[PDB]
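Here we start with a single chain on its own, the form deposited in one PDB entry, put down as structure tokens.
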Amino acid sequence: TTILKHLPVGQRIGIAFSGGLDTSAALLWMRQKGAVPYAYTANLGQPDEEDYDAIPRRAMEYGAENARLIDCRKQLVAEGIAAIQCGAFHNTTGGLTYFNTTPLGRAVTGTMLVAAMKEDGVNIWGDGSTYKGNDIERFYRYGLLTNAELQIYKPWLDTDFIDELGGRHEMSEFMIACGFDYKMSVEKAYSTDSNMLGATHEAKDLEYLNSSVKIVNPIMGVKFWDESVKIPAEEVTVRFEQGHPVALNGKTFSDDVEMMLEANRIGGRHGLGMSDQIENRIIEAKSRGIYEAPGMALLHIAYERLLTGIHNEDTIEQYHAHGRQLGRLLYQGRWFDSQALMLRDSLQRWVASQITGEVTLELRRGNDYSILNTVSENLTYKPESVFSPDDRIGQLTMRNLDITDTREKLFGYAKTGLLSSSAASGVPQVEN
């Protein structure tokens, strides 16, 4: 089968070693039960990571046959920018958007780490995602897409493993019993997946709808909800060239990673982009999360403001429709499937290519901001004798036949009982 239920003794197993008790304990346990574990750590520019080079060394200290750090920042930012160009975000609440940052991280991580293992002749994969979430399926799909011969082994789902190593306490004691003066970190009231595009918090106390953003200590921005933290209003300019974010506050960057890093700083000072979403997981059961994505939010606002001053209505409607559909595919782990690529490619080529301009905003607290200026050499919006009042009288008169058709429909609907009353005496009323 594709998924190995129990430890493949004697075989090389590649595991996404993010570091931390779960992956650390798994390395020792696998190495202990007879498997040859290889560690691969993705450099995703995590806002809460300050020493990536130390991670592969810890894997080696714990028995890894070999350990590698795969830099995925360039690809992550490129896909994040593509997501921005396509408005590929489907989970919204009252307009506030989740920027699908974890889904983007998985697309890049799942393909690059598996490709890297491919290089080292490692054909068995394993990551710590649970059998209850979306990530296990995202990694599964991206991995198999990259390596047709891939097999999956998740010690965390192996009954043998769980029997021995139940929870965090058993695992930390396991580290100690294995000869390592291990000291487990302080446990938060929620779990977090983070990368340069965003941080997603959920589980534990965030599973209760009565818990709010107040129990969260943001890692990409400030506590804007705390009236005691001072946040001075700030002006920022975002400029695009053919849809590509090239300048922030008039400054260009040597690469897009530095640009995103700066967009994150600007947005973070204000807590821009944070939202609270209840969403539908791939397995059709709901999950609740609190999300951060300051840089993505900043670019999203500027990009759409320009879009509204540049494209026609049919094109904007298609951008919203295709973007929402693509956002869902991205969330499902299908970002590289034909149905996704066709929408992504289309929006990048025909919509984003014309987004050249600059937007000036004043950021205050959280999602409270104002648009101060909008400029573009491609605007179709023009403050300024192409048509006359009489031309409009003609255009209005052309509507008469269809208006009559609708009036007759309203009469018909009232007749068959659908409407309480038509437009004859006022506002049509749908029978209740």
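For every residue, the number given is its place in the sequence shown, counted from 1. Only residues modelled in both forms are compared. The term rigid core refers to the most C-alpha atoms you can superpose between the two forms while keeping them within 1.5 Å.
Omitted from view is the form solved in complex with a small molecule, to which the following refers.
None of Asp193, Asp256, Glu79, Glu358 but one reaches within 4.5 angstroms of the small molecule in the deposited bound form through a heavy atom, and that residue is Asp193. Taking a 4.5 Å heavy atom cutoff to the small molecule in the deposited bound form, the contact residue among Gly323, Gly221, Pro245, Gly128 is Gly128.
Within 4.5 Å of any heavy atom of the small molecule in the deposited bound form lies no heavy atom of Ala59. Using a 4.5 angstroms limit between non-hydrogen atoms, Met296 is distant from the small molecule in the deposited bound form. Shown alone here, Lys188 lies farther than 4.5 Å from the small molecule in the deposited bound form, counting heavy atoms only. The shortest heavy atom separation between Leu113 and the small molecule in the deposited bound form is within 4.5 Å. Only one segment in the set 373 to 381, 22 to 30, 359 to 367, 400 to 408 has any non-hydrogen atom within 4.5 angstroms of the small molecule in the deposited bound form, and it is 22 to 30. With the core held fixed by superposition, the comparison between the shown form and the other one singles out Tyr182 as the only member of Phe336, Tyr182, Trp225, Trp350 whose CA moves by at least 2 angstroms.
For residues common to both forms, superposing the rigid core between the shown form and the other one reveals a single consecutive run of 3 or more with all Cα shifts of 2 angstroms or more, at 181 to 185.
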